[PDB]
């Protein structure tokens, strides 16, 4: 490694710096958790400085241990790790936001997260069930004002427990509601949403840019494809023939093309892998560049394919994916 003390970062609207390539940690239920531990250690070792998890992924104990293990063995300093967690929808009530963050931190054994996000804007009833249901099997939705959720998030930042705060799965209207909030103290630094060449989010992205909100792309390689979350007949992004042709031309891979596309359009990009080789491969995103004509060809792949509809949460007004953007 010629110089691993530096790496590519973007300045967020609160003055903190976010590494532009993030390691995704979600794995399907059939995968055991010891795997998350090793994969995060490998990611750190490969040069990932941004690590994305969430309370609901049920891996934070493992992800935390991997981070502390790599600090303790001298590979990395805490300040050169950007760690994201997320507030699950059964803790949107403002009184529960801080306890949920403290709980993440306790599982992690870290003093702070770098970023805390409202994970999804549809609230469900508080309690131990992450998806609470009634006698008829219907989800018990909760009526919570997310402005009040945001205010509690602001207090977490002021207490130092989250260096930065942001949102996920917010649409144009929901972001406006937060930006116009009475007494707003901190804008969200980011909106983490699904983004890839079949769903390139240009309209939402331009809106985010106009407000200096960074868009953070998940499922940027086409998603984990885990049923029932993702339909098995959705097209497989990484078999796209334009992506494959650019990959061959560049002597890279479809995945790397998909990742590089996001970097060049100003998006911070996540990439999940629990495989040694693919983990290292994904860091190659910084070793080549796409021309304007290649970026235009990738822009032309847009085709309204949303892998993660999360339509179990459809119905309430805060369900984000029924508006155009």
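Residue numbers count along the first chain shown, from 1. The term rigid core refers to the most C-alpha atoms you can superpose between the two forms while keeping them within 1.5 Å.
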In 7 other deposited structures of this protein, rigid core aligned: more displaced of 129-137 and 70-78 by C-alpha RMS: 129-137
Ranked by mean Cα B-factor in the entry, 1-9 and 316-324, top stretch is 1-9
Please compare 15-23 with 299-307 and name the stretch with the higher mean C-alpha B-factor in the deposited structure. 299-307
Residue of maximum C-alpha B factor among 157, 196, 181, 98, per deposited coordinates: 181
Report the option among 265, 272, 50, 70 whose CA atom has the maximum B-factor in the deposited record. 70
In terms of the CA temperature factor given in the entry, to which third of its chain does residue 208 belong: lowest, middle or highest? lowest
By the record's CA B-factor, is residue 185 among the lowest, middle or highest third of residues in the chain? middle
Determine, from the deposited record, the chain-internal third of the Cα B-factor for residue 222: lowest, middle or highest. lowest
Lowest, middle or highest third - CA B-factor, residue 84: lowest
Modelled-residue ranking by C-alpha temperature factor, third containing residue 113: lowest
